[PDB]
Amino acid sequence: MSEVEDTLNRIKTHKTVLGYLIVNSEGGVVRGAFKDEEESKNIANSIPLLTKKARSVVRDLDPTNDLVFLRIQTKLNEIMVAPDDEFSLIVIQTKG
Amino acid sequence: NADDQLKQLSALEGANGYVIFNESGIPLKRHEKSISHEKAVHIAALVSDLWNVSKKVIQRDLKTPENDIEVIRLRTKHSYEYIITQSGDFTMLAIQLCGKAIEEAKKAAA
Amino acid sequence: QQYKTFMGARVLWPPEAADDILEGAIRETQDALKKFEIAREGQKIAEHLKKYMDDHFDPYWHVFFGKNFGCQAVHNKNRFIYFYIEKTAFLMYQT
Amino acid sequence: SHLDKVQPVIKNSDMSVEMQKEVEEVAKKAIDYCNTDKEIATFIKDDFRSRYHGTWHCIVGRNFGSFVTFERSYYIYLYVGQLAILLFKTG
Amino acid sequence: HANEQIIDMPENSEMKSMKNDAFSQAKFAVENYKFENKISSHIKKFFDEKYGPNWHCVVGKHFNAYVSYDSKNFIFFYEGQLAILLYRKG
Amino acid sequence: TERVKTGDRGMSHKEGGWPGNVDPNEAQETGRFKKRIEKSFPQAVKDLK
Amino acid sequence: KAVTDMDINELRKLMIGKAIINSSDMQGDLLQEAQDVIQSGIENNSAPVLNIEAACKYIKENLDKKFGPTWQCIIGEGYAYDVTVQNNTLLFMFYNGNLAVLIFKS
Amino acid sequence: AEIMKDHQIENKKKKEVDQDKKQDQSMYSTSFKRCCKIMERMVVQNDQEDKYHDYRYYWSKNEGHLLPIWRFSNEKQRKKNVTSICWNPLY
């Protein structure tokens, strides 16, 4: 298919995006498209724990209602994560 | 004056509830629609952990010195949207809906 | 019931046993325990001590050390030694 | 300045004032070091077991309650924000 | 659950009365008295009454012990969690 | 052998984390402490919201 | 209808006397004894509002007399623990809704 | 899980066949597609936030003012003319 593998190529090519990284449910790197490897390795380990911890937050308040999309916003950067059961998509977009 | 903002926040389209926290964890003021003190103690424990964890992780595990988190937007099933900000020591957790859920809530009220 | 610290060991202060047999006894256990540990191979160090008592003092010594136990035993006049070391309590009495 | 903000509070402390003061620092150090609640419990036990020997049991969470049999003068119950660090040694 | 005992009692010449009263007393002694020292005072006192004196018994949850005894008078059994040891000497 | 003394105590942590001087059950104690924080707080809640 | 109609607030209300076991390190026969005592125990001293202290006063004393002297039991809405226990001395069963019961023998 | 066992009425589908294939496009397909599509839009949203804040409520006596916001085009498709346009009656 062109459709997932093209959209993922499109959001990378898109201006003011550092890189898109797919995390496996077992905290593993399927695709990692950042500049420096330290950042990509760091993002691969650190962020999927925040999303699991942030999933337990929304879950406690209402255990029917599951996480569909998490967006953190830092001083310099934004961090946006779209979690699913099979895979999790992560991006880092610099604020305009 | 400091009550009028709570009245101003329910007035914004979509807004169900709000809950403010001290640096401690005590809830300062909540909405009457969201449960008072019972949920406000519960919802403090989660967000104070979620914040302090994320605050920590971005300064260490991302290896980005001097980059503190400003907002957190947990979007969910149905149309819930949990926005977490921080002004000075105090923090808070607003809950908005979307057109579909707002319309559902207005129909339920009707 | 009132314990006391003499020769780096925690003994029942009214010394039931004679103070020579007690001194030589405690010192041998401390010099046995410096070699073999109680945690690993704890059966061996008892049998070493038991045989030692029969050599230097009268025969048929009974030796009983544990982290937790409770015993009432009949013994000879001035032939009963009960001392703690760190946490482990060593009982022994001649017959 | 986060160490001044948390300000850990001690409801019930059946322990000496010196050993209590040590728990406050470890309790603060545990939370700012750890990424989740399960890790907090693990760090406290392991740190105390090293300092003072024996069989500790550590529990921490949002909402719980605790009837327990403990070594007298080895039980503290401190809550910090919404986390109750409860540690107790048994024989 | 008393997986490994050591039974060195006479058994032959109707002396099973002196082995069975080890397992029987232990059970009654432990549940009632509930104090390690006081068990070793009860079991000893009984075995002295029936089979004459110079019995030594030691009751502990965790202990090491090497000892001299009179052949076919020594039994080592676990009563529940607790580990009771009794034997004759002299 | 000296059996280590076995205290038995039963404490609930269903309540949230307050100070010590303040009682979590008592409504008065909490109500005043909230009014002490809002004396400063006015600018924060405007700027936060 | 069925699972789709059932919401969390309906599921909890529909059924309070349900029972669900997570972990079970303890032996099959000894669980059957404890499970019956804790369920009957909590419901008795549930009172108008659930006294979490009161629940674990009853369970502590019951499980001291029933089995061994140093038996430790804690219940709660939510918590994290690591607890050193003897072999086949531990049951973890949570009651319906927001009640997590850990019982063990130290 | 115990309630679904109690009441087996409309047993949960979405059987775990997945995509598999080991390597060279593993799954990357239908729940994950939604997450990719949502991510794209939300990445755009952040870069066009200035225009999106205007679009909703910029609020632009016998005078009118027309503001062009966005242009949707394609560089391959610059030869062709727009001709007819229409809106979906539902959305």
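Please refer to the structure placed before this passage.
Here is a short report on the structure shown in this document.

## Looking at the interface of chain B and chain F
- At the junction of the two partners, chain B supplies 18 residues and chain F supplies 16 residues.
- Summing both sides of the interface, chain B and chain F together bury roughly 1700 Å²; the carbon and sulfur share of this comes to 71%.
- When residues of chain B are sorted by the area they lose upon contact with chain F, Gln5, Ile26 and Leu28 of chain B head the list and together hold 30% of the total.
- Inspection of the region where chain B meets chain F yields 1 salt bridge.
- Here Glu38 of chain F ties to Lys29 of chain B by a salt bridge, and the two come within 2.9 Å at their closest N and O atoms.
- Put simply, chain B and chain F have 3 residue pairs in polar contact between them.

## Topic: the sheet that holds strand β5 (residues 87–94) of chain A
- Taken in spatial order, the 10 strands of this open sheet run β2(A)-β1(A)-β5(A)-β4(A)-β3(A)-β3(B)-β4(B)-β5(B)-β1(B)-β2(B), and their pairing is antiparallel. A strand with exactly one partner marks an edge of an open sheet, and here the two such strands are β2 (28–32) of chain A together with β2 (27–30) of chain B. Averaged over all pairs of adjacent strands, the angle between their axes in this sheet comes to 15°, without regard to strand direction.
- For strand β4 (residues 81–87) of chain B and strand β5 (residues 90–96) of chain B, the ladder comprises 7 bridges, and the chain directions are antiparallel. By the bridge assignment for β5 of chain B, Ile84 of chain B is matched with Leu93 of chain B.
- Contacting β1 (19–21), β2, β4 and β5 of chain B, helix α2 (residues 41–48) of chain F crosses the sheet at an angle of about 35° to β5 of chain B.

## A few points about unusual backbone geometry
Residues and elements named next belong to chain H.
- Phi angles above zero are rare outside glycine, and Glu10 is one such case at about 65°.
- Here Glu10 lies in the loop between α1 (2–6) and α2 (31–47).
- The backbone of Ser60 shows a phi angle near 45°, a positive value even though the residue is not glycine.
- Structurally, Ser60 can be placed in the segment after α3 (49–57).
- Residue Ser60 is classed as exposed on the basis of its relative accessible area of 56%.

## Looking at empty space enclosed by the protein
Residues and elements named next belong to chain G.
- The volume enclosed by the largest cavity comes to roughly 50 Å³.
- Lining the largest cavity are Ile38, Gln39, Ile42, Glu43, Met93, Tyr95 and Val101.
- Of all elements in the fold, only α2 (28–44) and β3 (90–95) reach the threshold of two or more residues within the lining of the largest cavity.
- The greatest single-element share of the lining of the largest cavity, amounting to 4 residues, is contributed by α2.
- Tallied by class, residues from the lining of the largest cavity come to 5 nonpolar, 1 polar and 1 charged.

What counts as what
Residues numbered from 1 in each chain as written, not as in the entry; some residues may be left out. Chains lettered and ligands numbered in written order. Part of a larger assembly, values for the part shown. Heavy atoms only, no water. Residues with missing side-chain atoms left out of burial classes, pairs and counts. Contact = heavy atoms within 4.5 Å. Buried area = accessible area lost by both parts, 1.4 Å probe. Salt bridge = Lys/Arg side-chain N within 4 Å of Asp/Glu carboxyl O. Polar contact = N/O pair within 3.5 Å; in protein donor to acceptor, adjacent residues only side chain to side chain. Pairing = 2+ DSSP bridges. Helix = DSSP H or I, 4+ residues; strand = E, 2+ residues; numbered from the N terminus. Axes fitted to C-alpha atoms, helices over the stretch in contact; angles between N-to-C directions. Buried < 20%, exposed > 50% of the residue type's maximum accessible area, 1.4 Å probe, protein only. 1 Å grid on protein atoms, 1.4 Å probe; cavity = no way out; pocket = protein on both sides within 12 Å on 5 of 7 lines; lining within 4 Å. Points joined across faces, edges and corners; volume = space filled by probe spheres on them. Nonpolar A, V, L, I, M, F, W, Y, C, P; charged D, E, K, R; others polar.

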